[PDB]
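Undergrad: Pasting the sequence and an experimental structure:
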Amino acid sequence: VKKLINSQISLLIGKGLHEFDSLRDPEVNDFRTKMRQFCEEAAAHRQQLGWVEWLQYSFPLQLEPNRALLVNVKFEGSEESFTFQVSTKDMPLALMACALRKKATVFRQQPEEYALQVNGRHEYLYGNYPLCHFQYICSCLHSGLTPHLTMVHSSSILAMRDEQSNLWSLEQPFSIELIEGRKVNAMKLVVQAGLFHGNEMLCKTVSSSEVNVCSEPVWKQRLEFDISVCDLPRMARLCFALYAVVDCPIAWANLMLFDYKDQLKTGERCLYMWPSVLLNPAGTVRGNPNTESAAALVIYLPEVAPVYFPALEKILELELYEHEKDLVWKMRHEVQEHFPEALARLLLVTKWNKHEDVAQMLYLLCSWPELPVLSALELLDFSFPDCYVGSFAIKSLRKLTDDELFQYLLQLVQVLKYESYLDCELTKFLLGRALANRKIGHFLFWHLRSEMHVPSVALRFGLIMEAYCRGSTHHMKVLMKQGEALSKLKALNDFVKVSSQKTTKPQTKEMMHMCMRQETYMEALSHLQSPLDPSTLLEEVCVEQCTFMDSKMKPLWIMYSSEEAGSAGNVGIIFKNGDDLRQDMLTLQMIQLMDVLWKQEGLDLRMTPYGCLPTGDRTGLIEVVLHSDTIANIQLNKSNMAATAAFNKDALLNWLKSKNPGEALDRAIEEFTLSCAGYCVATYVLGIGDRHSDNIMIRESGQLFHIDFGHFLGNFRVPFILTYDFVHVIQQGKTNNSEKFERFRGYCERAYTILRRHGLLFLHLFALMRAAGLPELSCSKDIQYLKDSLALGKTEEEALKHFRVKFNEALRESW
Ligand SMILES: Cc1ccccc1-n1c(Cn2nc(C#CCO)c3c(N)ncnc32)nc2cccc(C)c2c1=O
């Protein structure tokens, strides 16, 4: 049976476990077995959680950042249901009290023994919270809909839990022998080596001598570095570049001078090199897995005697101008005593190529108080390679709530790429958090699963997903069920592209359905948790309603229903294969983040944060927003329709009218204006260009939102943007309506200002994303786009002035 589990894992993680053994690699082995131990202890913990604690683990609450309402409630056993009137202000327990008072009266006759499930969802209502704090209850009020809940008894919840069971002495200047290579070019070759700690070099980059273009080159020479061997910090990173010239890059390669046992490396080494777009400190520190084809650099770390980096207790024993640096360093204790939040800045002035200073720094670091989360996110930047700093940052990060953790999960995952060794605090942290919360577990998995086609991370990511699994057998099954669905989706989509290239849409659509109607597909595509959101159940796929966009990548449109979930189980997923969804996902997360920040100062711009989730190689899902359509479509202004207008500019408004009769119209225009402001500021701050009426959509509520991102931070300076046809809708259909127009400027103005206040949060976040290799996010010039857009260097009186110019500027540009 342990064989079954094993093969399921390899199947799930897209890498077979045998590959881990084949490497006969102590680091991997250690990682594997420690991390297995760790996770199995988590899982053990879990299997004995109390039932309310299990609910917390498995269906964590979904909260928002007096008045009446109809709620429909019923119990698990029977179909009989009651529709109560309760306040929006009542705790779930009041509602439960009612249910039971009604059950008792009908059924002829203990609220604390219950949780309320949202029907047809993995979602629950419990805790000491008024109902309109629950996103679902909240969502329902906004759309008019009657919450539909089931009284689920403690014995039943427990029944679920049960089913889910499983030194200083060495002062000579550091040096290497470059022996030779085995590679491909056109011209002479050179090797450049430099020793890095983070971005900053520990001295100059002693190159090679020029040698002929050749294929199996030989060097046999000492390169000696301008730094004492007893200096080298724990995280010293030796970096090579191989190029050709009469400048033209071929390959690059990095390694730690110390290994994971804190032993300085000796002697020889063959470095399987990575292809080029000269020096790449950021790049991974483990070799190219394609050993057949890769250029190989053989080098010689010499035996300076074994040599270990000193224990902590031995250590404990022992932008700004030149002088300013000197002063911080001097005032470092006082910096610790009175400004504990300036650590980053002090850390960037400590002399990392002088061991004594790194001792003095560390000793302060070791007594340093914990920092706020925002500061910790900054310390995770690659500028802080030291693991004592890493350890510090994780320790400060422990106070992250699950919602926040979820919020920055994509970034923390990306930062694993910076990591120097497989076993590290960040891995332990995330795994601990993922094992403690099934939603984090879900998304960690997919963040990882989705990058397995990527050589430099395949091993690392593979090993974590393995760990996770050892820690959650049941969740593993739930995830294979997702994997099988995505596998069928890929097959289905390939059929679609081949076929559509030979036949009319109607025909391929017919063909797609037959394919889908195969037992093997109905089985695969049904009865699963959405990878976009584990608390959304994809029950039966509605073949009749599925189709595909007959352009470009031919993405698929997959609809699903649920009897038990009714309306709210009528949900859809888009499956796209062929494009990178990373850019899209990132963009959508940042907007979602804007929305959370705005709501936290009580400003709700009625945003539409739909899931977008990469799952594999140029493959992921996008969550369908129903009841929506593009501006472009609407603006096609077709005859024999409700919106049929005398003037094109009326199209969009007629559409809204037709979707929103009588008194409803006002609120629609209101939703439109609110979301409009939101999206306007978000695209503007983010530098999202090439908006046009094809990539904007409105929902029937009037809510406006954006699709197909792929160009941000100004990677065409993006002006703020006002479309006349929106300005026309904001104005209630009037040529001049400056009451309504200026309320709009107001909203834009509030949302702009709130974002500036968390400017640092975006910066630190994007800082972390640089780890991802997204081509529109490659260097400073990009993070600078954000500084400029949030005019972060200015005062709030100023920036607002600045913004006002831009906004008026956009107004002129509107017709
Ligand atoms: C539904 C629709 C109306 C107007 C114009 C285009 C669409 N649309 C869209 C427009 N669209 N784009 C979306 C997106 C995205 C990420 O950039 C999207 C969404 N999340 N929810 C609803 N609609 C969305 N996407 C499709 C994807 C696959 C298959 C199909 C048939 C479509 C599709 O028809």
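TA: Ah, there it is. Residues are numbered from 1 along each chain as shown.
Undergrad: What parts of the stretch 501-650 of the chain come near the ligand?
TA: Proximity of the stretch 501-650 of the chain to the ligand, by C-beta under 6 Å from any ligand atom, involves residues 547-549, 555-557, 574, 584, 610, 612, 622-625, 628-630, 633. No exception for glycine: its C-beta is placed from N, CA and C like everyone else's.
Undergrad: near the ligand, anything from the longest helix along the chain?
TA: Determined from DSSP state H, the single longest helix within the chain is helix 473-500. No. Helix 473-500 lies apart from the ligand when judged by C-beta under 6 Å from any ligand atom; the minimum separation is 10.1 Å.
Undergrad: and that helix, which residues are buried?
TA: The neighbour-count check on helix 473-500 (16 or more other C-beta atoms under 10 Å) flags 474-476, 478-479, 482-486, 488-490, 492-493, 495-496, 499-500 as buried.
Undergrad: hmm, back to that, just the buried residues from the residues of the stretch 501-650 of the chain next to the ligand, in ChimeraX please.
TA: Buried subset of these, written as a ChimeraX selection, criterion 16+ other C-beta under 10 Å:
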select :547,548,555,556,574,584,610,612,622,623,624,625,628,633
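Undergrad: In helices only, show me the residues of the stretch 501-650 of the chain next to the ligand.
TA: If you go by DSSP H, those have 584, 633 in helices.
Undergrad: Among the residues of the stretch 501-650 of the chain next to the ligand, which are located in strands?
TA: In this view, these that belong to strands under DSSP state E are 547-548, 556-557, 574, 612, 622-623, 628-630.
Undergrad: want to try TSV for those, with distance to residue 139 as columns?
TA: What follows is those, written out as TSV (distance: C-beta to C-beta, whole Å):
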residue	distance to residue 139
547	27
548	29
556	27
557	23
574	21
612	19
622	20
623	14
628	16
629	21
630	24
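Undergrad: which parts of the helix or strand containing residue 7 are buried?
TA: Using DSSP states H and E, residue 7 maps to helix 2-13. Burial within helix 2-13, assessed by neighbour count using 16+ other C-beta under 10 Å, is assigned to 8-10, 12-13.
Undergrad: list the contacts for the closest residue to the ligand within the stretch 701-815 of the chain?
TA: The ligand sits closest to residue 707 of the stretch 701-815 of the chain, with a gap of 3.7 Å, by C-beta to the nearest ligand atom. By C-beta atoms under 8 Å, 6 or more residues apart in numbering, residue 707 lies in contact with 695-697.
Undergrad: want to throw those residues into CSV with secondary structure and neighbour count?
TA: Shown next, in CSV, are the contacts of residue 707 (DSSP: H, G, I helix; E, B strand; the rest coil; neighbours: other C-beta atoms under 10 Å):
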residue, secondary structure, neighbour count
695, coil, 16
696, strand, 21
697, strand, 20
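Undergrad: can you tell me how far the closest residue to residue 444 other than its chain neighbours sits from residue 44?
TA: Counting by C-beta to C-beta, 6 or more residues apart in numbering, residue 434 is the residue found nearest to residue 444 once chain neighbours are left out, at 4.5 Å. Residue 434 is 16 Å from residue 44, where distance means C-beta to C-beta, to the nearest Å.
Undergrad: what's the answer for residue 518, then?
TA: Counting by C-beta to C-beta, the gap from residue 518 to residue 44 is 41 Å.
Undergrad: Equivalent analysis for residue 676, please.
TA: Following C-beta to C-beta, the distance that separates residue 676 from residue 44 is 52 Å.
Undergrad: likewise residue 431?
TA: Separation of residue 431 from residue 44 (C-beta to C-beta) stands at 15 Å.
Undergrad: One more: residue 173?
TA: The value you get for residue 173 to residue 44, if C-beta to C-beta is used, is 52 Å.
Undergrad: again with residue 137
TA: Taken as C-beta to C-beta, the span from residue 137 to residue 44 is 35 Å.
Undergrad: Those two - which one has more neighbours?
TA: Under the neighbour definition other C-beta atoms under 10 Å, residue 137 and residue 44 were set side by side, and residue 137 has more, 25 against 11.
Undergrad: Which neighbouring elements make contact with the strand or helix carrying the more buried one?
TA: Element membership of residue 137 [criterion: DSSP H and E] is helix 135-142. With contacts taken as 3 or more C-beta pairs under 8 Å, 6 or more residues apart in numbering; DSSP states H and E, helix 135-142 sits against strand 68-75.
Undergrad: Now do the same contact list for residue 462.
TA: For residue 462, the contacting residues are 13-15, 19-20, 452, by C-beta under 8 Å, 6+ apart.
Undergrad: For the residues you listed, give me CSV that also has distance to the ligand.
TA: As requested, the contacts of residue 462 are exported to CSV (distance: C-beta to the nearest ligand atom, whole Å):
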residue, distance to the ligand
13, 27
14, 24
15, 29
19, 34
20, 36
452, 23
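Undergrad: quick check, nearest of these to residue 315?
TA: residue 20 (34.0 Å; C-beta to C-beta).
Undergrad: The strand or helix carrying the closest one: how far from the chain's middle?
TA: In the assignment (DSSP H and E), residue 20 maps to helix 18-22. How far helix 18-22 lies from its chain's middle: 29 Å, per C-alpha atoms, centre = their mean, to the nearest Å.
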